[PDB]
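S.K.: Have a look at the structure that comes next, please.
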Amino acid sequence: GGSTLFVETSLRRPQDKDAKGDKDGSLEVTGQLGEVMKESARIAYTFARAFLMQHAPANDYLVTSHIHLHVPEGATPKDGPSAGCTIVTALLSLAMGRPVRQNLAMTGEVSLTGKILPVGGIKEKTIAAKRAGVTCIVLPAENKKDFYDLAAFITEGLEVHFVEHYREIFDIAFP
Amino acid sequence: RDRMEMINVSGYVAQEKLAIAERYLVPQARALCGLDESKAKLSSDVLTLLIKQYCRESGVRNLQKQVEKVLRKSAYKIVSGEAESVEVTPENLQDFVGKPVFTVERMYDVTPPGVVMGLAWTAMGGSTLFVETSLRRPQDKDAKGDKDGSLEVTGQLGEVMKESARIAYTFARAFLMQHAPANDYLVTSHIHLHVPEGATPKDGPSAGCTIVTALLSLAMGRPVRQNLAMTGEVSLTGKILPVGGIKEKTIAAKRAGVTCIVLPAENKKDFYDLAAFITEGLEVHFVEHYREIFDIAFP
Amino acid sequence: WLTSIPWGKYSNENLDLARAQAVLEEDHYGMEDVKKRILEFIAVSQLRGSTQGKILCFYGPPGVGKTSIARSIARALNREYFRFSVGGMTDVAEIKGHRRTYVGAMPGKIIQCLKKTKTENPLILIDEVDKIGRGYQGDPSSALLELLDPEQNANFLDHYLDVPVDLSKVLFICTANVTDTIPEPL
Amino acid sequence: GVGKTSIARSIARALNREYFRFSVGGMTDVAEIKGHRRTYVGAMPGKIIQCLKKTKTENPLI
Amino acid sequence: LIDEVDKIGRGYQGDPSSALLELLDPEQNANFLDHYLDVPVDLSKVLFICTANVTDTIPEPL
Ligand SMILES: Nc1ncnc2c1ncn2[C@@H]1O[C@H](COP(=O)(O)OP(=O)(O)O)[C@@H](O)[C@H]1O
Ligand SMILES: Nc1ncnc2c1ncn2[C@@H]1O[C@H](COP(=O)(O)OP(=O)(O)O)[C@@H](O)[C@H]1O
């Protein structure tokens, strides 16, 4: 089936090792990391750093701070990378401390520049999201058509969203 | 390996695939389903649409699955449905095969700075893999800082690929100082690049040249010219080296819509061995020293 | 063992489409994709004279009704039903038997299926295909592919009974909760 | 999906010598190609011997 | 009354867990057969009881 796994992140060591210290914010990934998962997490970390740079260069928390993230397991390896998009926003949220808009589910594949990629098993994730009660589902634009193949009665009560560049997501999660 | 000689059996282009489908696969599946030629009509336009939108890969079996599906549905609509002879038209196709999966898309039509295409001879055929580059940590470590821009390669690096990437990074630095000494972004800035996998290790270095140009783009922030591909290997001096499997990369580039293919000069003859009908509409290039590429990609 | 195997005996197959559709609709609500797929299969098989057995693999979460729908399909199509488990299986002999020179050799379990079913065109159901290990001394995936091989099935032979047996009309079905771990050749 | 085995089959037909496909990929035990010692209970010969027997010819297209 | 079900190793040359799954099967038990007496035997009315010190190590299909 599908599940609503809660990806999360938090600071795990003080950002102020030294007021002048330029050491990068090395990231630790847990949750039975797979090599592909480790690389996807690193890609998401770099993209989040770049996005925070572009948006608010004043903030450097994510730039220099050691952050621990937990991605609960259960996802098969093939779709494992699908959660990466969430990871990104998580870090960004933790970068600004702004809670993500309530009951906002999402998934996608980032490619180090924000151009989201399609993911598989869209129907299972959709039914799991409906069960969880979430109202907004953010999916890659490529998978858009696939979500429309779903029977009508399963898609009621949710404001589906389609996107290809992660920029759009940042404008929906954080108004 | 050394005990026999090897011939390169390789895939078919959209036109060749359409010919294969119409002349051999379609009648074969029709016989294997029993439907009469007049009863079921499959216009070559529908086959072209199916190949272009649904079945996109070097192989052909997927098109066989699609044609089997549509023929089975036509038989279903004939045996107990209303039409005695199903006329499969593109407008009707939507109901038979459903909405078109694998819709045509180039991954980056804009191709922002630091990203560029590359024709990689993957394990199954060839693909137009996108090499990405991006700043991953601020250039302002220190206003007086002299620390180099240590690079962090990703994408299941192979030790051979690690060495090739290091050589490409060094050559890119040398070229940047040679052209614009005032510029020092790439000289002192930690940059993360991603090279998508699927390329066989033997062809791994074939994308090294791409890496270089990508970095150069990020150095000047100039997007590479639209729909431009390239491949080859560098030897720390810009002297491009030949690469193999040119036909698969060429057909992949043709399918992807990229118009300009840049190849090592030595491979030129191997590219002319290819059939003429596969080379239409592309502005191929032949070079041996990397310098010329820098001019073509950045006019 | 040899004379107990049915030969040339083909259980009568249903051709009425409305009756089969109603039968299936009265057994499992919804799931209309599978229902329409099997309806299309029935229609195409009816149109092309004889009925062939093509392979398909249901896949989805567990408890969804994949075995129940297999039984419903077997009932509606009018052919014999039989279930078979392969998940975590390692000793190809269970599908191939033994050379018969043993002190207590047995034939593969597929010949047992043919004998019990009393028909040469039953519906064989394969369970937990993706769980095959193909580990040491085993590798039943090779013989399993042989079963699904579109042409070798027409002359499949087991180690105990080495006479080739046709398996083209048998309607195989496979069940797995995920399509990843299943071997690509299969 | 290029038809490599398909062209092999076509070549077998045109050349008129008997055809036979062989899948060695992933094979672990060499005994399949070499059989067994024939003294073990159930020992059987190599798969190539079975191919020769079934093909009924000494010059097939393996 | 089966005892210490969860202690089954299901190891080399063995795998009695498959035999158990066959026995506990609600319908296959109705025609269960052994290698010695191959005649099917009905086991629908037999009320099996399984005892285990923990529910984890026991096989999931079981
Ligand atoms: N239309 C239906 N919708 C949902 N469940 C059903 C339906 N028909 C039968 N079932 C249930 O499905 C169960 C069978 O699960 P199944 O999917 O066969 O498991 P497995 O994944 O092991 O094959 C039965 O217990 C039955 O109660
Ligand atoms: N040029 C062609 N014309 C017609 N049919 C073809 C052509 N090439 C391949 N096919 C068909 O496509 C299928 C490809 O399968 P094949 O490539 O032989 O499998 P594999 O990739 O495992 O060797 C074959 O069944 C063959 O009939």
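Just remember, in the structure tokens the first chain shown is A, the second B, etc., residues are 1-based per chain, and ligands are 1-based in the order shown.
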At a cut-off of 12 Å, can you tabulate as JSON lines every residue of chain E near ligand 1 together with its closest atom pair and the distance in Å to one decimal, using only C-alpha atoms and all ligand atoms and ordering rows by chain then number?

M.R.:
{"residue": "E:26", "atom": "CA", "partner": "ligand 1", "partner_atom_place_in_ligand_line": "25 (O)", "distance": 11.6}
{"residue": "E:60", "atom": "CA", "partner": "ligand 1", "partner_atom_place_in_ligand_line": "22 (O)", "distance": 11.3}
{"residue": "E:61", "atom": "CA", "partner": "ligand 1", "partner_atom_place_in_ligand_line": "22 (O)", "distance": 8.8}
{"residue": "E:62", "atom": "CA", "partner": "ligand 1", "partner_atom_place_in_ligand_line": "22 (O)", "distance": 11.9}

S.K.: Using only C-alpha atoms, find which residues of chain A lie within 9 Å of chain B and jot them down as an MDAnalysis selection string.

M.R.: chainID A and resid 22:24 35:36 39:40 42:43 45:47 49:50 53 63:64 111:113 115 117 142:143 145:146 149

S.K.: Atoms to include: C-alpha atoms. Write the selected residues as a short mmCIF file (atom, residue, chain, number, x, y, z; two decimals), in the first residue's frame.

M.R.:
data_model
loop_
_atom_site.label_atom_id
_atom_site.label_comp_id
_atom_site.auth_asym_id
_atom_site.auth_seq_id
_atom_site.Cartn_x
_atom_site.Cartn_y
_atom_site.Cartn_z
CA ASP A 22 33.27 28.86 8.04
CA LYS A 23 32.88 25.09 8.38
CA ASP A 24 30.02 23.77 6.28
CA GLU A 35 23.51 4.52 -1.20
CA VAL A 36 21.00 5.89 -3.71
CA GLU A 39 23.17 10.49 -2.81
CA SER A 40 19.62 11.80 -3.27
CA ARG A 42 23.04 15.03 -0.64
CA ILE A 43 21.55 16.36 -3.88
CA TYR A 45 20.86 19.31 0.62
CA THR A 46 22.89 21.09 -2.06
CA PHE A 47 19.76 22.25 -3.88
CA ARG A 49 21.45 25.48 0.10
CA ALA A 50 21.42 27.00 -3.40
CA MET A 53 21.10 31.45 -1.26
CA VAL A 63 24.77 27.06 4.95
CA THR A 64 26.73 26.55 8.20
CA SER A 111 17.57 17.15 -10.01
CA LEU A 112 19.93 19.62 -8.28
CA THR A 113 18.20 22.56 -10.02
CA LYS A 115 13.15 20.68 -12.15
CA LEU A 117 10.73 14.62 -12.17
CA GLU A 142 4.63 14.97 -15.69
CA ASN A 143 2.54 12.68 -13.48
CA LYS A 145 -2.23 12.98 -16.46
CA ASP A 146 -1.71 9.80 -14.44
CA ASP A 149 -6.81 8.25 -14.60
#

S.K.: Mind listing the strand (DSSP E) residues of chain E, per DSSP on the backbone, as a list in words?

M.R.: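 Put together, the selection reads residues 2, 3, 50 and 51 of chain E.
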
S.K.: When distances are computed from only C-alpha atoms, which of E:24, E:8, E:39, E:30 shows the smallest separation from residue 58 in chain E?

M.R.: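 Under the stated criterion, the closest residue is E:8.
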
S.K.: Quick one: residues within 7 Å of residue 86 in chain C, only C-alpha atoms, excluding same-chain residues fewer than 3 positions away - as an mmCIF file with N, CA, C and O atoms, in the first residue's frame?

M.R.:
data_model
loop_
_atom_site.group_PDB
_atom_site.id
_atom_site.type_symbol
_atom_site.label_atom_id
_atom_site.label_comp_id
_atom_site.auth_asym_id
_atom_site.auth_seq_id
_atom_site.Cartn_x
_atom_site.Cartn_y
_atom_site.Cartn_z
ATOM 1 N N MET C 89 10.928 -20.207 -2.707
ATOM 2 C CA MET C 89 11.092 -21.608 -3.067
ATOM 3 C C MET C 89 12.471 -21.813 -3.689
ATOM 4 O O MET C 89 12.980 -20.944 -4.402
ATOM 5 N N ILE C 126 0.027 -18.760 -9.761
ATOM 6 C CA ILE C 126 1.327 -18.687 -9.106
ATOM 7 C C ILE C 126 1.275 -17.587 -8.055
ATOM 8 O O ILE C 126 0.791 -16.479 -8.307
ATOM 9 N N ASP C 127 1.780 -17.894 -6.860
ATOM 10 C CA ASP C 127 1.671 -17.008 -5.710
ATOM 11 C C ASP C 127 3.053 -16.573 -5.246
ATOM 12 O O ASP C 127 3.977 -17.388 -5.165
ATOM 13 N N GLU C 128 3.182 -15.285 -4.931
ATOM 14 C CA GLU C 128 4.430 -14.712 -4.430
ATOM 15 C C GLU C 128 5.593 -15.027 -5.367
ATOM 16 O O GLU C 128 6.605 -15.614 -4.976
ATOM 17 N N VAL C 129 5.439 -14.627 -6.631
ATOM 18 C CA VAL C 129 6.499 -14.845 -7.611
ATOM 19 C C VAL C 129 7.748 -14.062 -7.228
ATOM 20 O O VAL C 129 8.871 -14.571 -7.318
ATOM 21 N N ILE C 132 10.858 -15.369 -4.993
ATOM 22 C CA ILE C 132 11.800 -16.415 -5.371
ATOM 23 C C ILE C 132 13.217 -15.984 -5.024
ATOM 24 O O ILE C 132 13.623 -14.842 -5.276
#

S.K.: Once you count only C-alpha atoms and all ligand atoms, which residues end up within 8 Å of ligand 2, and could you hand them over as a list in words?

M.R.: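 Listing the residues within 8 Å of ligand 2 gives residues 12, 16, 17, 20, 21, 23, 24, 25, 59, 60, 61 and 64 of chain B; 1, 2, 3, 4, 5, 6 and 7 of chain D.
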
S.K.: May I ask for the distance between CA of residue 36 in chain D and CA of residue 163 in chain C, given in Å to one decimal place?

M.R.: 21.4 Å

S.K.: Using only C-alpha atoms, determine which residues lie at most 10 Å from residue 59 in chain C, disregarding the query and same-chain residues fewer than 6 positions distant; provide the list as a VMD selection string.

M.R.: chain C and resid 66 128 130 174 to 179

S.K.: Interatomic distance between CA of residue 157 in chain B and CA of residue 28 in chain A?

M.R.: 20.1 Å

S.K.: Do me a favour and pick out the residues of chain C within 8 Å of chain D, using only C-alpha atoms, as a PyMOL selection string.

M.R.: chain C and resi 98-102+137

S.K.: What lies within 12 Å of residue 38 in chain E using only C-alpha atoms, ignoring chain neighbours under 4 positions off, as a list in words?

M.R.: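 Non-adjacent residues within range: residues 106 and 112 of chain C; 31, 32, 33 and 34 of chain E.
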